[PDB]
């Protein structure tokens, strides 16, 4: 009788959505934990709340790829207090790496406390608008995740990609249309942001919206193909 089944996405499981807890015994944001013991074996999972984590909403919504997998190197822009980052850290595991870039010092203190227990998280308390200021800290990554909410932030993500994202690496970008242009339709916003990505050789491969968890919020996944 298996209680927690592997999801299609490696490192993700269904119990609903959970990740394998890199730090057994501890919750990050009050989430439920499920510890299963059999003989001498023991594994713990943490519930992943799609109402707080856009990535979890996208997974439940059926996104085909997330590119966040065991051993992956991740640049996470807008890491906030580390809710979603903690689950990314679970997925990439001890051989992966998560750079958690966050502008707010208050949020940064939460990230630093989270990363004390998680070897694979590097807090980077900096303004993502100016990646030249922290470029010396960031090894080239496999995937960039970003939460975009202003009409200049796809371009910020792209500037980070041009500095840090490997050729043929991937991006997962959440778009809050209301925050980009509240006078535009959500479709106008999502089309315009996809266009901005394409201009930067960030080529979308799929996109979805996040109902019932969020209103007028899309996640775009794609591939980075810079010219020579």
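By rigid core we mean the largest C-alpha set that fits within 1.5 Å across both forms. Numbering follows the first chain given and starts at 1.
- Averaged over structures and residues, the CA distance from the shown form in 8 other deposited structures of this protein after a core fit is larger for 147 to 155, of the two stretches 147 to 155 and 80 to 88.
- Greater C-alpha displacement in 8 other deposited structures of this protein (rigid core superposition, RMS over structures and residues), of 159 to 167 versus 178 to 186: 178 to 186.
- Coordinates are given for every residue of the deposited sequence from residue 23 through residue 24, so that no gap is recorded there.
- As the entry records it, the average C-alpha temperature factor is higher for 28 to 36, out of 171 to 179 and 28 to 36.
- Of the two segments examined, 145 to 153 and 70 to 78, it is 145 to 153 that shows the higher average Cα temperature factor in the deposited entry.
- Of the residues listed, 64, 187, 193, 200, the entry assigns the biggest Cα temperature factor to 64.
- Residue set 129, 118, 133, 87: peak C-alpha B-factor at 118 (per PDB entry).
- For residue 53, the recorded CA B-factor ranks within the middle third of the chain. Only modelled residues enter the ranking.
- Ranked by Cα temperature factor within the chain, residue 12 sits in the middle third according to the deposited record.
- When the CA B factors of the chain's modelled residues are split into thirds, the value for residue 43 lands in the highest one.
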